[PDB]
Amino acid sequence: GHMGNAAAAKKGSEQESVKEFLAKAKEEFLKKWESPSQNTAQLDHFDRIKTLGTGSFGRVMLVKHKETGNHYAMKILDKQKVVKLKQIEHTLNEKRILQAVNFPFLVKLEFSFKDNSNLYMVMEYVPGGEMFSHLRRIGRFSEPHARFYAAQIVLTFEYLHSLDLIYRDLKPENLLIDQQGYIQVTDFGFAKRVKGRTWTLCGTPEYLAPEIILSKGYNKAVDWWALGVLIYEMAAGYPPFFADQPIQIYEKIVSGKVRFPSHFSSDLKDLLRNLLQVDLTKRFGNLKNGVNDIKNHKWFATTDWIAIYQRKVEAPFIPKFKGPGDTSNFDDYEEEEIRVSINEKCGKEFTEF
Amino acid sequence: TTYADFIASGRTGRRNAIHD
Ligand SMILES: Cc1cncc2cccc(S(=O)(=O)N3CCCNC[C@@H]3C)c12
């Protein structure tokens, strides 16, 4: 067969050890989910430094904790705006997930709190920038470089899916690079506990699985489709399905056709055809052998999965870092006040935050 | 080229999710 006796035994043992790790991690997650944390700091405990990111969600600021000198990324959400945009459940869900998970590639929430006007989630500052920026600047990542990042996503999804969490938000924009060159996943607003199926239309056009577009019930396999999109985009420099407008993107996604750059290896194309598989019955990550079809694929043959988890692999790329509080790997944004009203807003809606 | 088609799409910047 493909493996001789020693390799087959080693692989089997490794796969059983994964099961043992995940069972313990699920026990720990459920204990923390039952009994969270809350109101663990306040605004005047931090110095505001610079805005690192913005969106309809609100803003993320680099802050420095006054007592410890530690830098953090503080996400600030305007409660009234969260309500107007119908994001109450997503915001509460994001905090509850972040509070309960623990994995080397998932950003750590250190504090959370709220005032009359805003919600605050204070996370570890990830100083290396967005994968998106590096990808657009470099153009494309070599297959080994793409593989290093892809392996981290595979392990992260293996973890999240064991907790029955579907991620639903994968894209280079949502992946940050830490000081050692490893990935941090950060955005959990669209993540959901789904042991079975779910139905919400959500995600980013280029990364949507066909069954989402086609308004079907869907499952964790959408994350494996999205991994295929990510690997393709990392290795090509552009995603597999693009067009001027989302509707035309969706027509390409559902077609069952994908084309590859001539520089893609045959191993990469084989993996991608099995991830970018329209037929759920055939998609890698959704078959009887689960995540193992991906981890044992030829394209990952050089990947030492435990060494990646342990962060013992030398990263192919280390972002520039001049010291704590270096913001140079992020863009510049207009600095705006953070006003907090003398009147509590939306207390009932956010009572559990 | 396919790269030129990507540039022509106008979707080379940060992409928003559907709900935006
Ligand atoms: C700057 C930054 C730096 N360090 C940690 C961070 C944690 C979450 C979000 C950011 S963030 O990148 O500002 N950011 C905003 C949220 C929406 N998705 C894009 C991205 C994940 C952090």
Side-chain angles (χ1 to χ4, degrees), chain A residues 41 46 48-63 65 70-78 82 85 87 90-91 93-99 101-112 118-137 149 152-153 156 160 167-191 202-207 226 230 233 319 321 323-333 335 338, chain B residues 13-20:
Chain A
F46 304 87
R48 148 188 191 153
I49 309 300
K50 189 173 193 295
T51 297
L52 300 167
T54 61
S56 65
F57 67 90
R59 313 118 89 191
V60 177
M61 303 208 71
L62 179 68
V63 301
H65 189 258
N70 286 353
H71 285 89
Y72 296 93
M74 172 182 292
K75 182 169 188 174
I76 308 177
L77 298 94
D78 183 314
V82 172
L85 301 176
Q87 301 300 312
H90 289 153
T91 303
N93 177 65
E94 171 169 76
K95 171 188 183 277
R96 208 169 181 177
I97 292 168
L98 279 171
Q99 148 273 316
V101 296
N102 180 37
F103 202 66
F105 315 126
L106 296 179
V107 76
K108 286 160 173 57
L109 180 69
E110 302 262 313
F111 311 97
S112 61
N118 303 313
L119 310 176
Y120 303 85
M121 283 182 266
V122 182
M123 292 163 283
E124 177 159 23
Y125 176 46
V126 187
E130 309 145 271
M131 183 191 288
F132 180 90
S133 306
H134 295 290
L135 182 55
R136 292 289 178 276
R137 179 181 48 86
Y149 295 150
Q152 295 168 63
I153 302 304
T156 300
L160 292 173
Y167 182 69
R168 304 197 293 189
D169 216 357
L170 188 69
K171 52 179 173 188
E173 292 90 322
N174 287 346
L175 301 176
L176 303 183
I177 310 302
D178 69 25
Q179 183 179 353
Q180 293 82 37
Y182 283 75
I183 280 172
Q184 299 299 319
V185 179
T186 63
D187 283 33
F188 285 85
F190 291 132
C202 63
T204 297
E206 281 83 348
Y207 282 75
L230 182 75
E233 186 177 342
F321 180 89
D326 187 347
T327 60
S328 67
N329 294 311
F330 295 97
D331 268 317
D332 300 322
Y333 299 88
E335 298 298 337
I338 120 166
Chain B
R14 292 175 178 79
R15 294 155 294 202
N16 293 328
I18 292 314
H19 75 306
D20 279 338

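Note on naming: letters A, B, ... go to the chains in the order of the sequence lines (proteins, then strands), and numbering restarts at 1 for each one. Each ligand, and each atom within it, is numbered from 1 in the order the structure gives. Computed over heavy atoms, backbone and side chain alike; hydrogens, waters and symmetry mates excluded.
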Pairs under 3.5 Å, nitrogen or oxygen of ligand 1 with protein nitrogen or oxygen:
| residue | atom | partner | partner atom | Å |
| --- | --- | --- | --- | --- |
| ligand 1 | 4 (N) | A:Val126 | N | 2.9 |
| ligand 1 | 18 (N) | A:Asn174 | OD1 | 3.3 |
| ligand 1 | 18 (N) | A:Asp187 | OD1 | 3.4 |
| ligand 1 | 18 (N) | A:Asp187 | OD2 | 2.8 |

Run A:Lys171 and A:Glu206 through salt bridge (charged side-chain N to carboxylate O under 4.0 Å, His left out) and show every step you take.
CA-CA 9 Å; A:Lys171 52 179 173 188; A:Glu206 281 83 348; over 6 Å; no
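Side-chain contact between A:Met61 and A:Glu335: present, with at least one pair of heavy atoms (C-beta onward) separated by less than 4.5 Å. Annotation: side chain of A:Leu98 is not in contact with side chain of A:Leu106 (no heavy-atom distance under 4.5 Å).
Under 3.5 Å, the side chains of B:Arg14 and A:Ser133 contain a donor-acceptor pair of N or O atoms.
Between A:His65 and A:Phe111, the ring-plane angle classifies as parallel under the 30° and 60° cut-offs. Taking the six-membered ring where the residue is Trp, A:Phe105 and A:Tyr182 present parallel rings, their angle staying beneath 30° rather than reaching 60°.
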